[PDB]
């Protein structure tokens, strides 16, 4: 069976410059290679067929080249919507096989996070639970750290964090940090604070709310 | 002229059915290349004409059986088409 | 219109079996092959097998264990994959794809998320996330909703039934005590809220539940 | 119709004997691929029809002599089978 | 003559997990590879023919894959009776040749 | 029934020759080839040659020295390999195998152990191994037999003519002063012995000897 090597696995690029994805087959497959794009949580989407033939609806910035064993998918001037995983696939010999995929990452300008804190909802409190949610949105680079404080002292238990992949709309990252407690434990304290530390500022970006 | 037309129809049917059935027979055999219809049609043509470049050929038993039918029915029917064209050409040699 | 239709999710217990469906529409030809592709979270695309509905012959990836059985029904234009005797290794998204017999996958389904687990189906609780009474308003305001305590994956969150697409983040779920939780955020011009409604729509196909929740300022 | 049947039998005999004798001739030559009977039968068919894909062929002197017999007797006998089928088809052109 | 490389020579595995034996040919041999098992003091026993085709009497846990130059014999969930030496053999070109063998250890 | 029958052993002196036989049964076709494969102890399988009995043509591995001559006899359905002018390097197990002309070895003989040596054939002495009078009995009891002073290899040891297969170990022989020695062990439920007989059967094909010895408690 044909092995398709996509190397490198991650492609990091500045906006607007040219980028090339490599696909190499373990033996010659003529021009029987096709390229798919898959965005976060999306289905694969056909970009190029038979190595170089364009598909209706695909932007003209996409092209492909090669024959034999070495194949290239090229994007002229990347933009945020091109952030995705890219797969090649061969149809020369049975069975059809897929490459392992290359991720496109974009190097954009630094951006500080927009921090919002949300106290627990009325509906949630009326049934025992209390979740305090903090959004840290549209920052870059992806390195960030969040710190919860209750009445001025750092809180680490009950904290669950989640990070998005790179955003295909503006090349940023976002993160959520949710501190979940009992309603009684929530009702034994006044001040709730999430603190975000990011390379954009030496001082943390701090958002708070008093329960009382 | 009517009989030449019937032989051409039989040839096209053999080429199309051979192309469809070759793909059906060859998919599932690792390494088989006769597995998409456009090039299977090219293969059936190269076989019925007896040219047989060998850029494509079947590797399975049932693909090779399909090949035998394409040879038997397709070489006969292409011979009929060829014979008709040679007869028509010999006519206008006489007409000059 | 969507050319291949797949259910959103299937929960199966370890050692049990499930039948996935792929409903085809649009143009249908005798040269059509339906393919099935498996993708585990954070991994690549893995070819499972193919069937030609006009004849019923199916073929299977020989490099992996054969856990699938493919069939088709020409009347309902629906292809089926029977996955049998499943294990945690079979938890994945399963795509179906259409190929016109010329080697490439022109169209793909949305995929069916299969989770193999002994835990039970649980609908999510959706809670609004509105700013506190002391939060200061910039030129934009951020709102959100909290989707807690569901199983299995996935849920789909939209805002105003899809009309609000820009300024939306939905965070990956985190798994806790056999239950998932995620949040979604939306940014709109602070001029527009609450004079113009903003509402999140949370769908959970594994439990066949769909819920709305309007975000209104705190009293 | 009786003579077409006799030519078909001769063809099958040539294909089977050619397949048996090719394997016998080719085994013992390092690199030879015409060395198992099922694919040697595929080779004999591709030769008698003159298609000649060339996925398989003999590399020894006696294998190539076997090939010559398959060409002489097999192309003649396949031509006879082909001629009979073309005659039968030309008949129902007349019958319409 | 076709050289068949079986690497690694020893495969060490926990019971019940999947194991894969590799056979690589010095040139492309289509699917003309066959697999034999030989237990201590036993005769070789055919497991798989033509790379992937099963043999009557062989447990369903055994399967094979590959074509061209790279070939794999796989056992789903090993058990003690699978302890043996495993050999590949090609029939694409004369003469038939054998791989050097892989030992399965549990 | 056994489809290819080979003698168990042949002892040949250095520089001498021997003729190995392979008696075929079951279905026979004109497409059949008989192959010969050599295996030295602790080494792999080495292809020697092939013959097609329906015609009598034989071919030989060109990478090794030609020490073999293959013939066949269609009346007795027996293939022969003449090994000539032998050396210590020719000591090995020699298998014959049947191939239906389609490339794989569907069936194999049990192999003939050839030893090239100047030493003489010697039958083994078999001794019982019963527990001492002070050995304590668990839920199982271990018995054995001692096979000493034979040449050449091999011997075959069974217990109760094969009916006792589980709980059996036969250890590889050790060579001493031109004589081999091995032991075999068998474990049976201590409830069953000696009320139910246990007997070892030792066969030595090179000397055409077969011996039984019952294991009885010490007096």
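Note that the chains take the letters A, B, C, D, E and F in the order they are written out, and that residue 1 is the start of every chain.
One rule holds for everything that comes next: a residue touches a chain if its C-beta (ideal position, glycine included) is under 8 Å from a C-beta of that chain, and two chains touch if they have at least 3 such contacts.
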For this session: State which chains count as neighbours of subunit A and simultaneously of subunit E.
Result: B, C
Exercise. In the touch network of chains, how many steps separate subunit C from subunit D on the shortest route?
Worked result: 2
For this session: Could you work out which chain's C-alpha centre is the most distant one from the centre of subunit D?
Result: A
Exercise. For this structure, which two chains have more C-beta pairs in contact than any other pair?
Worked result: A-C
Problem set entry | Innermost chain, where centres are averages of C-alpha coordinates | E
For this session: Specify the angle of rotation obtained when superposing subunit B on subunit D by their C-alpha atoms, rounded to a multiple of 5 degrees.
Result: 90
Seminar exercise, completed: Separation of the C-alpha centres, subunit D versus subunit F, in whole Å, is 47
Problem set entry | Inter-chain centre distance, subunit A versus subunit C - centres from mean C-alpha coordinates, in Å | 18
For this session: Could you tell me the distance, in whole angstrom, between the mean C-alpha positions of subunit C and subunit F?
Result: 62
Exercise. Which subunit B residues touch at least two other chains?
Worked result: 27-31, 35-36
Exercise. Do you know which subunit A residues sit against two or more other chains?
Worked result: 1, 91, 93-95
For this session: Can you tell me which residues of subunit C touch two or more of the remaining chains?
Result: 59, 62-63, 102-103
Exercise. What chain-chain pairs meet the touch criterion?
Worked result: A-B, A-C, A-E, B-C, B-D, B-E, C-E, D-E, D-F, E-F
Problem set entry | Sites on subunit F touched by subunit E in the complex | 35, 37, 44-47, 59, 61-63, 95, 97, 102-106, 108-111
Problem set entry | Contact set on subunit A toward subunit E in their complex | 1, 3, 26-27, 93
Exercise. Tell me, which parts of subunit A touch subunit C in their complex?
Worked result: 1, 32, 34, 36, 38, 43-46, 49-50, 87, 89, 91, 94-101, 114, 116-124, 129, 131, 133, 135, 137, 160-164, 167, 169, 174-176, 178, 207, 209-210
For this session: Write out the stretch or stretches of subunit F touching subunit D in their complex.
Result: 30-31, 50, 52, 55, 57, 59, 62, 101-103
Exercise. Within the complex, which stretch of subunit C touches subunit E?
Worked result: 62-63, 65-66
